[PDB]
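Read the single chain below, which is given as structure tokens and is the form deposited in one PDB entry.
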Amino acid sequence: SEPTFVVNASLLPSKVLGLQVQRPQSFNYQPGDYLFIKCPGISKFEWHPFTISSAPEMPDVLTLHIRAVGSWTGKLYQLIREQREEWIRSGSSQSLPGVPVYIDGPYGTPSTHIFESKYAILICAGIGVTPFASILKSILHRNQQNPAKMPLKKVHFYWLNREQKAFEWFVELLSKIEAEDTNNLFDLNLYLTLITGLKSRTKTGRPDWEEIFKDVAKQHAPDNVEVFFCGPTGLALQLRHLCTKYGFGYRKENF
């Protein structure tokens, strides 16, 4: 527990909160880490886990991207909306109040092992992108400072969304990767289930995972490929079968 503050927030399509949280002097994390958060204004007692969508190289704030999907996220959305509307109407004398919260973390995920892999597939659906958002930014910081120091040779990125407007959560970051990725570390793939106004053609329908895995296996054999997944369990079963078929690294993270 650290008592800290939501100092700012963005209201992004598909009811998502781009929260900025004052980072305590002590709080070190790695990309892929999550924390538990308590907002006394919503519940004195409930803790909910959220991925840190920021990279730890950002120095005074952490970011969380939280989608309104039920009771507690709905209430935090409504609280942040209303506080922000009240400021449009008044919002003058002092600066933005700041919502008090408690944070517990960081907690680790096997996704952090990407930095020690040669070849990685990152697959995410909807807000499932957030740990991969942290990791992509961190790769950009680590490259402008130490391209030799890193053994990650290729990153295959697959991000699925039911709703086109959801790509806006991280379209800037994806733009910057298209800009700065002269050495083609990344292969970005956006599926609606260019169109992002990116140099990446937004694809449509369920990806052909069999065909993608076959291709990635031909590119990297006989070396090890690590699959990292953040999304629904029905997809996980399919990905797990394919990981066995082509000899890829899988972590069971879906039950």
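For clarity, a rigid core is taken as the largest C-alpha set superposing within 1.5 Å between two forms. Quick note: we count residues from 1 along the sequence shown, nothing fancier.
One more form of this protein, deposited in another entry, exists but is not displayed; see below.
J.: Is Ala9 displaced by at least 2 Å at its C-alpha between this form and the one not shown when the rigid core is overlaid?
T.: No, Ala9 moves less than 2 Å.
J.: Superposing on the rigid core, is the CA of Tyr34 displaced by 2 Å or more between this form and the one not shown?
T.: After core superposition, the C-alpha of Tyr34 moves less than 2 Å between this form and the one not shown.
J.: Please determine whether the C-alpha atom of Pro131 is displaced by 2 Å or more between this form and the one not shown following superposition on the rigid core.
T.: The answer is no, as the C-alpha of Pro131 shifts between this form and the one not shown by less than 2 Å after core alignment.
J.: In that other deposited form, the Cα separation between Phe167 and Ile66 changes by 3 Å or more relative to the shown form; did it shrink or grow?
T.: The answer is closer, because the C-alphas of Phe167 and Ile66 approach each other in that other deposited form by 3 Å or more.
J.: Can you confirm the direction of the Cα distance change for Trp47 and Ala236 in that other deposited form, closer or farther than in this form, given it is 3 Å or more?
T.: Note: Cα gap between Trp47 and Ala236 widens in that other deposited form.
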